[PDB]
Ligand SMILES: [Zn+2]
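Residue numbers (the authors' numbering): 1 to 147.
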């Protein structure tokens, strides 16, 4: 399915991520669909959030530990190791290029898509790629980040 957030005929009108405290309905698709993406993407670059107001449950499936198709967040964070940026130039008109993001490994004090607060580290090319997504937007280095 992939997370089909919208832009330009949308209302983002410059969207950032609006941290994770609670859950709604769409949230499932952020997890469930970031699985469909985090796994079927790692190529073009989406921008993890942007239709109207936001939240951010991230994902992982048997990725760091001997877990299941679990989740990671962008929450109320605790640790933030290294920085990198991806060579994209994404969202709200994904033209131009840049390395907006700046993350390597990042640990959270978050919440999943149940409404249950979870503290975990998010690592790997995807943690950096889905945050990429929203590090294109909330990690903002770029310029206009074509928003
Ligand atoms: Zn990108």
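Note that beta-carbon positions come from the ideal geometry of N, C-alpha and C, so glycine has one too.
Exercise. Straight-line CA distance for residue 34 to residue 114?
Worked result: 16 Å
Problem set entry | Close Cβ partners of residue 27 (< 8 Å) along its chain, the five nearest in sequence each way excluded | 55, 57 and 113
Problem set entry | Distance between beta carbons of residue 110 and residue 73, contact taken as under 8 Å | 3 Å
Exercise. Mind listing, in chain order, the residues whose beta carbon lies closer than 6 Å to a non-hydrogen atom of ligand 1?
Worked result: 45, 86, 88, 90, 132 and 136
Problem set entry | Reduced DSSP secondary structure (H/G/I, E/B, other) of residue 122 | strand
For this session: To the nearest angstrom, report how far apart residue 120 and residue 134 are at their CA atoms.
Result: 18 Å
Exercise. Can residue 16 and residue 59 be called in contact, C-beta distance under 8 Å?
Worked result: no
Exercise. Measuring CB to CB, does residue 1 end up less than 8 Å from residue 42?
Worked result: no
Problem set entry | Rounded straight-line distance, which links the Cα of residue 66 to that of residue 88 | 31 Å
Exercise. Buried or exposed: which applies to residue 96, given that a residue is buried once 16 or more other Cβ atoms fall within 10 Å of its Cβ?
Worked result: exposed
For this session: Within the same chain, show all residues whose beta-carbon is closer than 8 Å to that of residue 50, passing over the 5 residues directly before and after it, in chain order.
Result: 5, 6, 7, 10, 12, 15, 91, 92 and 137
Problem set entry | Limits of the unbroken alpha helix (DSSP H) element including residue 73 | Residue 73 -> not in any alpha helix (DSSP H); beta strand (DSSP E) instead, spanning 69-73.
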